Every structure is written in C-alpha cells, then in structure tokens.
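>>> PDB entry and its sequence, pasted below:
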Amino acid sequence: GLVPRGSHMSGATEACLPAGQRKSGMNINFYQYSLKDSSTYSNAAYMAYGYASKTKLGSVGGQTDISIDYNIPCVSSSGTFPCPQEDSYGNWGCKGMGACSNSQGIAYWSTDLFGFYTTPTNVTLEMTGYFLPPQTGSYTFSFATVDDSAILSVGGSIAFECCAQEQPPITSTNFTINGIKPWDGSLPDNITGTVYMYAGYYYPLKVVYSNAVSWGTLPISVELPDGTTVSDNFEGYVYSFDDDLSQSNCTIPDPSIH
Ligand SMILES: [Cl-]
Ligand SMILES: [Cl-]
Ligand SMILES: [Gd]
Ligand SMILES: [Gd]
Ligand SMILES: [Gd]
Ligand SMILES: [Gd]
Ligand SMILES: [Gd]
Ligand SMILES: [Gd]
Ligand SMILES: [Gd]
Ligand SMILES: [Gd]
Ligand SMILES: [Gd]
Ligand SMILES: [Gd]
Ligand SMILES: [Gd]
C-alpha cells in the first residue's frame, strides 16, 4: 500500500545519482581500427570492451551532438567536396560533381567526427555519459541505420558502473541495441531498444561505433514516453561526471523503490 512493490524479479534498470559537478555532453574516445577489416567489429566482445585493447588515438569531451554522418571526398573537376553516399554512382562519380579521381578504398583524414582529427573511414569510437530522463516511462532508442557496426547500452553495470564513467570498459554484452555487423551480410534499418526509466535518475549510456571503409553513418534517436523524438542533438539529455569511485551511495540498483 504505502509504497510501490517494485519491478518484478528485480527487473529495473540500474541508475545513478552522482554528487559531483555535472558537465554537459558525452565523452568520446577514439581507438585504432584497421582499414578494410570487416571482421574484428563483428564480435560482441570487441564491441563491448575489446576496442580499448587497440591503440587509443585521442578523446573529446562535452559532446551533445552525437549522430555520425561521414562522407568521403570526391576529387572532382571543380575541387574536392564530400559526397553523400546516395549521390555516389558508377565507378565512380558524385551527382553534381562528375567523375571522381580518387579511390573509395583508401583512408581519409578529417575532423568530421566531433572535431577530432582522425580517419573516419577506419576507426572505432566509444561515447560515454549519463542520460537524464525528464519523464518517467518507456524510452525507445534507435539507430536509423548502421555503417558499419555499432552497439548502444543503457544502465549501471551494462553501459558502465555508476560514478566510474572514465574507467576501462566493463565486459557486459547485454546491449540495448545490438547493431553489430553480421558475419553473413544482413542488418535491417531502424534497429531499436527500449528502456523503462525514472525521471531525475542518471542512466549510464555507452555507444560504440566502428567503420572499416569509406562512408560511416549512425543516426541516433530516442522516442520519449510522451511520443516525441529527439534526434542527433541530445543537449539537455546527456551529461558527464568525473569519476568518484568513493561515492558510496552513487549506485541505485532499483530506481522503482528508491
Ligand atoms: Cl571532402
Ligand atoms: Cl554528375
Ligand atoms: Gd549532427
Ligand atoms: Gd552540428
Ligand atoms: Gd558529420
Ligand atoms: Gd561533424
Ligand atoms: Gd558535416
Ligand atoms: Gd555535423
Ligand atoms: Gd555493478
Ligand atoms: Gd562504411
Ligand atoms: Gd510512439
Ligand atoms: Gd548537422
Ligand atoms: Gd577525469
């Protein structure tokens, strides 16, 4: 009577209440990933944590604008311009630019991914932060498409451990969205994963994304309990906290009864 009974079979997603100074945005770490390696990123262990065993290239913090949309250059008669993938044709040209003289299959350097100078043709990145629901209820995260391989995980001990955002990745493969590139071809669009969330709790959020060749795409959305959709720009929803491994009360295993 007096209190709610709590989610059945302790099924609530673990959340956190970090006591430190909140910073807007997610942290992005970048790791080496080999041009044309179409197999490493097809393994769950790699996408959950193995990526951090490869050389770390760099990081940028405070990112609220998180969708990925990387276009290779077309070296054309009029200069070098990024080619939207749907405008690529033949062997090859880019609509409105004529024939492109450069290879689709080499590494290209760009600051497209969050202003960090790297090779978006071949890289793995890890986005970490906390999602703050403004409303209690069911949230549906989605990737509109995945080019090449990606996962999204939400929850304490699933994305990472509360108040330990900056630690080496945890080994959980219980993904909220599994957008891992299948060994055999495959992979529909609008892959989705739902999480029930309680307003005002901070939910660890990890996205791991990888590309082996040319174009890279990962359009990230969330549908709120109120049926509206937030896409690309998660300002106001995603935050970072410096690690505090000594904050004893930081983990809230069951927000339904806290
Ligand atoms: Cl370009
Ligand atoms: Cl053309
Ligand atoms: Gd964007
Ligand atoms: Gd932007
Ligand atoms: Gd972009
Ligand atoms: Gd960009
Ligand atoms: Gd851009
Ligand atoms: Gd952009
Ligand atoms: Gd844990
Ligand atoms: Gd690609
Ligand atoms: Gd809906
Ligand atoms: Gd944009
Ligand atoms: Gd730190």
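Thanks, I have it. Residues are numbered from 1 along each chain as shown. Ligands and ions are numbered 1, 2, ... in the order given.
>>> tell me the domain boundaries of this structure?
Structurally, the chain divides into domains by curated CATH domains as follows: 1-70+105-258, 71-104.
>>> winner for burial among those domains?
domain 1-70+105-258 (a mean of 18; mean count of other Cβ atoms under 10 Å). Just so you know, the C-beta spots here come from the backbone N, C-alpha and C atoms, and that holds for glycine as well.
>>> does ligand 1 sit close to it?
No. Using Cβ under 5 Å from the ion, domain 1-70+105-258 stays clear of ligand 1, with a minimum separation of 7.1 Å.
>>> what about that domain, start to end distance?
16 Å (Cα to Cα, to the nearest Å).
>>> Isn't residue 10 up against residue 256?
No. Assessed by Cβ atoms under 8 Å, residue 10 is found out of contact with residue 256, at 9.5 Å.
>>> of the domains of the chain, which approaches ligand 3 most closely?
When the domains of the chain are compared by Cβ to the ion, domain 1-70+105-258 sits nearest ligand 3, at 4.4 Å.
>>> ok, which stretches of the stretch 1-150 of the chain are strands?
15-16, 23-24, 26-32, 56-63, 68-70, 73-76, 79-82, 88-89, 93-94, 98-99, 123-131, 137-143, 149-154 (DSSP state E, counting those that start in this stretch).
>>> quick check, distance from the longest one to the centre of its chain.
Right, strand 123-131. 5 Å (Cα atoms, centre = their mean, to the nearest Å).
>>> about what we covered before: export the domains of the chain to TSV and append columns for distance to ligand 10.
Formatted as TSV, these follow (distance: least, Cβ to the ion, whole Å):
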stretch	distance to ligand 10
domain 1-70+105-258	5
domain 71-104	9
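>>> Centroid-nearest residue for the protein?
Residue closest to the average C-alpha location in the chain (Cα atoms, centre = their mean): residue 207, at 2.6 Å.
>>> quick one: contacts for it?
66, 126-127, 150-153, 218, 220 (Cβ atoms under 8 Å, 6 or more residues apart in numbering).
>>> now swap in residue 74 and tell me
80-83, 88, 92-94, 97, 100, 102.
>>> nearest to ligand 5, of the residues you listed?
Closest approach to ligand 5 among the contacts of residue 74 (Cβ to the ion): residue 82, at 8.6 Å.
>>> Please give me every residue in contact with that closest one.
Here residue 82 is in contact with 71-74 (Cβ under 8 Å, 6+ apart).
>>> and what of residue 113?
Residue 113 neighbours (Cβ under 8 Å, 6+ apart): 28, 30, 68, 70, 120, 123, 125, 216.
>>> which among those residues are in contact with ligand 2?
Okay, of those, nothing touches ligand 2 (Cβ under 5 Å from the ion).
>>> from these, which is closest to residue 14?
Among the contacts of residue 113, residue 28 lies closest to residue 14 (Cβ to Cβ), at 23.2 Å.
>>> Run through the bridge partners of the closest one.
residue 60, residue 127 (DSSP bridges).
>>> Run a quick check on it versus residue 126, I expect a contact.
Yes. With contacts counted by Cβ under 8 Å, residue 28 reaches residue 126, the gap being 7.2 Å.
>>> Quick check: phi and psi at residue 244.
phi -140, psi 90 (degrees, to the nearest 10).
>>> so what's the closest residue to it other than its chain neighbours up against?
Among residues not flanking residue 244 along the chain, residue 163 sits closest, at 4.8 Å (Cβ to Cβ, 6 or more residues apart in numbering). Counting by Cβ under 8 Å, 6+ apart, residue 163 makes contact with 16, 18, 20, 241, 243-245, 247, 250-251.
>>> Does residue 70 touch residue 114 like I think?
No. Using Cβ under 8 Å as the test, residue 70 is too far from residue 114 to be in contact (10.9 Å).
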